[PDB]
J.: 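Supplied in structure tokens, the structure appears directly below.
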Amino acid sequence: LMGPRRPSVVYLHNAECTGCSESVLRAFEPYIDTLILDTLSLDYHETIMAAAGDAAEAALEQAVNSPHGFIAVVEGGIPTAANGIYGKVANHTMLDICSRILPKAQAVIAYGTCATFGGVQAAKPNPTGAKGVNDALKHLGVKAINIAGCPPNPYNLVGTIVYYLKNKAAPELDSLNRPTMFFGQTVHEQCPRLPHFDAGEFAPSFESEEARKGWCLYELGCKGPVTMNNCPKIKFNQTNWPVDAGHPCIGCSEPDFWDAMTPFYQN
Amino acid sequence: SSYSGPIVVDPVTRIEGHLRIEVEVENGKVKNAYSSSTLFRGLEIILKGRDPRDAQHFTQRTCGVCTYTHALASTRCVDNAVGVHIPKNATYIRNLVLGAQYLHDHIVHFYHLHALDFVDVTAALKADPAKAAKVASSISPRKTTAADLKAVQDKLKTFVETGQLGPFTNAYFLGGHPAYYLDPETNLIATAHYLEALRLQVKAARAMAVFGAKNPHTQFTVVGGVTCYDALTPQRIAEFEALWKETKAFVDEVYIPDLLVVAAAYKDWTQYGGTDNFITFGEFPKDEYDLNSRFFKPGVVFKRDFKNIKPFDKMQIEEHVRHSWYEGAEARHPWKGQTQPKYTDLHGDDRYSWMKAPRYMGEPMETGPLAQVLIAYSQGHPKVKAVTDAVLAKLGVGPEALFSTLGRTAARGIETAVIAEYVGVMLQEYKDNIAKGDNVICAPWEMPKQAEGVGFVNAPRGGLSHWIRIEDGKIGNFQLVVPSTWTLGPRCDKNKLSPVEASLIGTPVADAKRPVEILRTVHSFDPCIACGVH
Ligand code: SF4
Ligand code: SF4
Ligand code: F3S
Ligand SMILES: [Mg+2]
């Protein structure tokens, strides 16, 4: 699947919605075909790989055991309740799969808030005991680079990989293990509506003339002031982001945001 | 002779989510099948007690392949519970983002999820690119030259000679496979278009973010309408229109001609993967409270009796748990739904999946593009009739060919083509409405302390419904009944095989170690297990 010249990537899916995988398909300059043909060797990925079943299991084993080394990219939280039973692939628990594979990686990237912090299935009452990768695997010494968001900006994944391949090391990380080059500012300090915030000019409702005029969404719940991400800077799909579409930030790059940021329409 | 014994496919790749397929084969043909979904998250449990306005943000994370669809279903559900009638422009904008979702979704499904079951990418290296160019130019008004295709071949050659096959590692076609039929040139055309589609889908997805903030996981819907005042501007509408036009050209000039050339080469696949019963909810409403106002209308068909389409009665849905990993055996209407996980391992107490088993009047129902297309055809839908007849004639087959894996795959293309044209109609109506001076996009509403609501979406995989019971102004019960639940859930307490299980009976398997025929039928339903289980 690999050996030679392109660095091997093993992409794992735990308890996930596949939105983070889809976000990588939106990669722009470079696009995903350049990424898979030129930059990297994508050696396991359940969403797009040709092999299935035993043949897919064999592909995974051959990539993880490569003397060339591999990078792991992990999407989704790890369900840990009831000995990991709520999530299995090839009749192995996701907890067991990740416990066996991730300590062998040269580097691990947790991609998306579910893999970084536990995410939507970890919201109260967390029936499956879902955990982020570093929480789940602390005891095995796994320290994944956390690229948060639901899903993250794919600019942030490619930027981190490229950095890693160049410098043979992680970039500067914050106290949530997220790269400071992408997560060092609040989305609020970057927001075009900040002058309205400063002036106390808040939309009181989505149907209001103030909302039509682009006033600040804080009274309608915006979590921009407590959320670290580069959304207003990079935007999504080269064209938009939530508050330019008129909707508050829901805090989706922050740990436990499903419980910390709710109700989404209150501050 | 032929293989007798079990085959297990776990993981089923090139789907969303975690699926285990088990079959029994006798003399080289499948005799029995089980659809086992092997991840549970429990979003219905997590929603209990929360603010109904928050539901769409959680339920959108049911699935990022069919992104937006669950936000739309939850917002329709809470809209309905609160009794708000959203403004005309919110209906248009919501409908336009949903049409863009179907084009993105079905294009990615055919190329990036389904086509590796039918395309031998490595054989493309042996093709004659001048011969392939002639073929490509004969099936599409788009002209393709020998140099165009050689560029792809040169790129693939460099990739393969590195020994790092990446996503093609251990492909079922490597080495050759008796169930792979295409000639080298057709493999090269499909492979070129697979690669082209990787970039085209970026534009198809961008179309959703023009109005919808971002893809994946849009952020422009609210109870009462939408938030995106910028979507009224000529600049955003023009940006959307240009991405739609380019996406529609790809559908018309690349995807459908490829679909037809592959279906022609695999015409034996009209003989496998049929199903009996069909359900569809309709989509693209003029009136949020009348399903019959939708461009595609709802309907129910039993035993392929399309001369007797039955109305859809939302009270005749029940979700079974007898063969699922939930407590007990009692089926429930989703306004009385229960989500009480209880794992027994594979076939423990005859249970083998985290999906519930929805039944309509006790019957297992296929939903998705084949249900939408066949039911609309049988309702006299003129656009659906015009392009399904053109497809049938090109392929030289009768309408019975539609009741199959090949027919289902073709129906996915037919609805893509029909929706791609209808998006232009919706777009014009939206423009016209703005021009009359209607600039309203959100309506005011009030939260009742007690209410029931339901929202219906016909998503790219079929009939989606979200069901809420509001108690003390909070979520008392929230139940998702999702298209893949219908299609790929397990048996019910009457032991009826689900559509995917039943469709697998009779599948030939040339090589049990590389059971591509099972993948062809399973992938034809476009499974989404995060959707089906939530
Ligand atoms: S982080 Fe969000 S988008 Fe990514 S897998 Fe989790 S729920 Fe899906
Ligand atoms: S809309 Fe949100 S991110 Fe922007 S200024 Fe207001 S609170 Fe800050
Ligand atoms: S909801 Fe998420 S995508 Fe950005 S604007 Fe807020 S961090
Ligand atoms: Mg459900």
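We name chains A, B, ... by the order of the sequence lines, and we start the count at 1 in each one. Below, each value reflects all heavy atoms present in this structure, side chains not excepted, and no hydrogens, waters or symmetry copies.
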J.: Just checking, is any N or O donor in the side chain of B:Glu16 or A:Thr18 under 3.5 Å from an acceptor N or O on the other one?
T.: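 Indeed, the side chains of B:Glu16 and A:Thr18 share at least one donor-acceptor pair under 3.5 Å.
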
J.: Looking at every non-hydrogen atom in both residues, tell me the closest pair between A:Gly159 and A:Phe182 and how far apart they are.
T.: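 Smallest interatomic distance, heavy atoms only, reads CA-CZ, 3.9 Å.
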
J.: Would a distance-only check, ignoring hydrogens and angles, find a side-chain to backbone donor-acceptor pair under 3.5 Å from A:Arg26 to B:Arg206?
T.: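 It does not hold such a pair.
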
J.: Is B:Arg408 close enough and on-axis enough to B:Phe525, meaning under 6.0 Å and within 45°, for cation-pi?
T.: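 Pair B:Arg408/B:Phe525 counts as cation-pi.
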
J.: Could you tell me whether the side chain of B:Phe58 reaches within less than 4.5 Å of the side chain of A:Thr262, counting heavy atoms only?
T.: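 The answer is yes; the side chains approach within 4.5 Å.
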
J.: Picking from B:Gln60, B:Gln101, B:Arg94, what satisfies side-chain contact (heavy atoms from CB on, under 4.5 Å) with B:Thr218?
T.: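 Only one option passes, and that is B:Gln60.
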
J.: Does A:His247 reach the main-chain N or O of A:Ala245 with its side chain, forming a donor-acceptor pair under 3.5 Å?
T.: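 Absent.
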
J.: Tell me if a side-chain donor or acceptor on A:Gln62 pairs with a main-chain N or O of A:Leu1 at a distance below 3.5 Å.
T.: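 Indeed, once roles are kept as given, a pair shorter than 3.5 Å links the two residues.
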
J.: Between the side chains of B:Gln56 and B:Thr221, is a donor N or O closer than 3.5 angstrom to an acceptor N or O?
T.: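 Yes - a donor-acceptor pair under 3.5 Å links their side chains.
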
J.: Are the side chains of A:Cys114 and A:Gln121 in touch, meaning some heavy atoms are under 4.5 Å apart?
T.: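 Heavy-atom side-chain distance check passes, below 4.5 Å.
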
J.: So, B:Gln201 and B:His104: side-chain donor and acceptor under 3.5 Å apart, yes or no?
T.: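 Yes, side-chain donor-acceptor contact under 3.5 Å.
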
J.: Passes side chain to side chain contact (heavy atoms under 4.5 Å, CB included), B:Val457 versus B:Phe281? Steps please.
T.: CA-CA 7 Å; B:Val457 172; B:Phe281 293 170; over 6 Å; no

J.: Measure the shortest side-chain to side-chain distance between B:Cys66 and B:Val482 over non-hydrogen atoms and say whether it is less than 4.5 angstrom.
T.: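 No. Closest side-chain heavy atoms not under 4.5 Å.
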
J.: Has the side chain of B:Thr169 got a donor or acceptor atom that lies under 3.5 Å from a matching backbone atom of B:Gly166?
T.: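 Side chain of B:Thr169 to backbone of B:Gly166: a pair is present.
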
J.: Quick one: does B:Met355's side chain get under 4.5 Å of B:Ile529's, heavy atoms only?
T.: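 Yes, close enough: below the 4.5 Å cut-off.
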
J.: List the atom of B:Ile46, the atom of A:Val120, and the distance in Å for their closest heavy-atom pair.
T.: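 What the structure gives for the nearest pair is CD1-O, 3.5 Å.
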
J.: Using side-chain heavy atoms (C-beta onward) and a distance below 4.5 Å, is B:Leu113 in contact with B:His523?
T.: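 No, too far: nothing below the 4.5 Å cut-off.
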
J.: Report yes or no: does A:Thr34 contribute a side-chain atom to a donor-acceptor pair with the main-chain N or O of A:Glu29 at less than 3.5 Å?
T.: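 A pair under 3.5 Å: no.
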
J.: Check for a donor-acceptor pair, side chain of A:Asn240 on one end and backbone N or O of A:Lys235 on the other, with a separation under 3.5 Å.
T.: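 Not confirmed, A:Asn240 side chain does not pair with A:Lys235 backbone.
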
J.: Mind running side chain to side chain contact (heavy atoms under 4.5 Å, CB included) on B:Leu39 and B:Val533 for me, showing each step along the way?
T.: CA-CA 7 Å; B:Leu39 170 69; B:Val533 178; over 6 Å; no

J.: Could you measure the distance from the NE2 atom of B:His70 to the CG atom of B:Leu464? Nearest 0.5 Å is fine.
T.: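 Going from NE2 on B:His70 over to CG on B:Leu464, the span is 5.0 Å.
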
J.: Quick one: do the B:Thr521 and B:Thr405 side chains pair a donor with an acceptor below 3.5 Å?
T.: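 A donor-acceptor contact under 3.5 Å links the two side chains.
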
J.: Considering residues, nucleotides and ligands other than B:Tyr34, do more than 12 of their heavy atoms fall under 6.0 Å from its OH?
T.: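 Counting other residues, nucleotides and ligands, OH of B:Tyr34 exceeds 12 neighbours.
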
J.: State, to 0.1 Å, how close B:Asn458 and B:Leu98 come at their nearest heavy-atom pair, and which atoms those are.
T.: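 Where B:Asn458 meets B:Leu98 most closely, the heavy atoms are O-CD2, 4.4 Å.
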
J.: Of all the heavy-atom pairs spanning A:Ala52 and B:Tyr172, show the shortest one and how long it is.
T.: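 It is O-OH, 3.3 Å.
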
J.: Any donor and acceptor pair, going by atom type alone, linking the side chain of B:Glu501 with main-chain N or O of B:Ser35 inside 3.5 Å?
T.: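 A pair under 3.5 Å: yes.
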
J.: Show your reasoning for whether side chain to side chain contact (heavy atoms under 4.5 Å, CB included) applies to B:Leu116 and B:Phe168.
T.: CA-CA 9 Å; B:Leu116 291 176; B:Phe168 303 121; 3.8 Å; yes

J.: What orientation do B:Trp467 and B:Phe456 show, parallel under 30°, tilted 30 to 60°, or perpendicular over 60°?
T.: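 B:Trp467 vs B:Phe456 ring planes: perpendicular.
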
J.: Any non-hydrogen side-chain atom of A:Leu35 less than 4.5 Å from a side-chain atom of A:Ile32?
T.: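 Yes, close enough: below the 4.5 Å cut-off.
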
J.: Would you please classify the geometry between the B:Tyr102 ring and the B:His106 ring as parallel, tilted or perpendicular, with 30° and 60° separating the classes?
T.: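 Perpendicular: the ring planes of B:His106 and B:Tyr102 meet at over 60°.
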
J.: Is the closest side-chain donor-acceptor distance between B:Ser74 and B:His466 under 3.5 Å?
T.: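 Indeed, the side chains of B:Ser74 and B:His466 share at least one donor-acceptor pair under 3.5 Å.
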
J.: Let me confirm one number: the OG1-CD1 distance from A:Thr160 to A:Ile71, rounded to the nearest 0.5 Å.
T.: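 Those atoms lie 11.0 Å apart.
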
J.: What heavy-atom pair brings B:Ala197 and B:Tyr111 nearest, and what distance separates the two atoms?
T.: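 For B:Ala197 and B:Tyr111, the tightest heavy-atom pair comes out as CB-CD1, 3.8 Å.
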
J.: Got A:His45 and A:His13 here, is their nearest side-chain heavy-atom distance under 4.5 Å?
T.: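 A:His45 reaches A:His13 side chain to side chain.
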
J.: Could you check B:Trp354, B:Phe40, B:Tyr326 and say which one makes a ring pair (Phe, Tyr, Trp, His ring centres under 6.0 Å) with B:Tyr343?
T.: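 The single option meeting the ring pair (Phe, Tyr, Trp, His ring centres under 6.0 Å) with B:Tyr343 is B:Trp354.
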
J.: Check this for me, if you would: do A:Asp259 and B:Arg50 make a salt bridge, where the nitrogen-to-carboxylate-oxygen distance has to be below 4.0 angstrom?
T.: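 Yes.
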
J.: Please determine if A:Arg100 and A:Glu61 form a salt bridge, counting it only when a charged side-chain N lies under 4.0 Å from a carboxylate O.
T.: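 The answer is no: the pair does not qualify as a salt bridge.
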
J.: Can you measure from OG1 (B:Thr59) to CZ (B:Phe478) and round to the nearest 0.5 angstrom?
T.: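 If we round to the nearest 0.5 Å, B:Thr59:OG1 and B:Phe478:CZ are 5.5 Å apart.
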
J.: Under 3.5 Å, is there a donor-acceptor pair between the side chain of B:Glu319 and the main chain of B:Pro358?
T.: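 Checking the backbone N and O of B:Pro358 against the side chain of B:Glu319, no donor-acceptor pair under 3.5 Å is found.
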
J.: Measure the spacing between OG1 of A:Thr113 and CG of A:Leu176 and express it to the nearest 0.5 Å.
T.: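 Atom-to-atom, A:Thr113:OG1 and A:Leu176:CG are 9.5 Å apart.
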
J.: Please step through side chain to side chain contact (heavy atoms under 4.5 Å, CB included) for the pair B:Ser37 and B:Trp325, ending with a clear verdict.
T.: CA-CA 10 Å; B:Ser37 296; B:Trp325 291 314; over 6 Å; no

J.: Does any donor atom in the side chain of B:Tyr68 or B:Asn215 lie under 3.5 Å from an acceptor atom in the other side chain?
T.: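 On atom types as modelled, these side chains do not qualify, holding no pair under 3.5 Å.
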
J.: To the nearest 0.5 Å, what is the distance between OG1 (A:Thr116) and CZ (A:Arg178)?
T.: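 Reported value, rounded in 0.5 Å steps: 8.0 Å.
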
J.: A:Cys17 and B:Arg41: which non-hydrogen atoms are nearest, and at how many Å?
T.: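 So the minimum-distance heavy-atom pair works out to CB-NH1, 3.8 Å.
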
J.: According to the interplanar angle, ranging from 0 to 90°, do the rings of B:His109 and B:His114 count as parallel (below 30°), tilted (30 to 60°) or perpendicular (above 60°)?
T.: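 Tilted: the ring planes of B:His109 and B:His114 meet at 30° to 60°.
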
J.: If we ignore hydrogens and angles and just use 3.5 Å, is the side chain of B:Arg20 paired with the main-chain N or O of B:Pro11 as donor and acceptor?
T.: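 Between the backbone of B:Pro11 and the side chain of B:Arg20 there is no qualifying donor-acceptor contact (under 3.5 Å).
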
J.: Donor-acceptor pair, distance only, cut-off 3.5 Å: does the side chain of B:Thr13 make one with the backbone of A:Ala51?
T.: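 Answer holds: yes.
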
J.: Do B:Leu198 and B:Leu195 have side-chain heavy atoms sitting under 4.5 Å apart?
T.: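 Side chain of B:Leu198 against side chain of B:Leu195, heavy atoms only: contact under 4.5 Å found.
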
J.: Report the C-alpha distance between A:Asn229 and A:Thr227 in whole Å, list the side-chain angles of each, state the deciding distance to 0.1 Å, and finish with yes or no for side-chain hydrogen bond (donor to acceptor under 3.5 Å, both in side chains).
T.: CA-CA 6 Å; A:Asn229 210 164; A:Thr227 301; over 6 Å; no

J.: Before accepting this row, confirm whether a basic side-chain N of the pair B:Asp105/B:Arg461 lies closer than 4.0 Å to the acidic partner's carboxylate O.
T.: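 Result for this pair is yes, salt bridge flagged.
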
J.: Between CE of A:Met49 and CG of B:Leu165, what distance do you get to the nearest 0.5 Å?
T.: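 Between atom CE of A:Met49 and atom CG of B:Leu165 there are 11.5 Å.
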
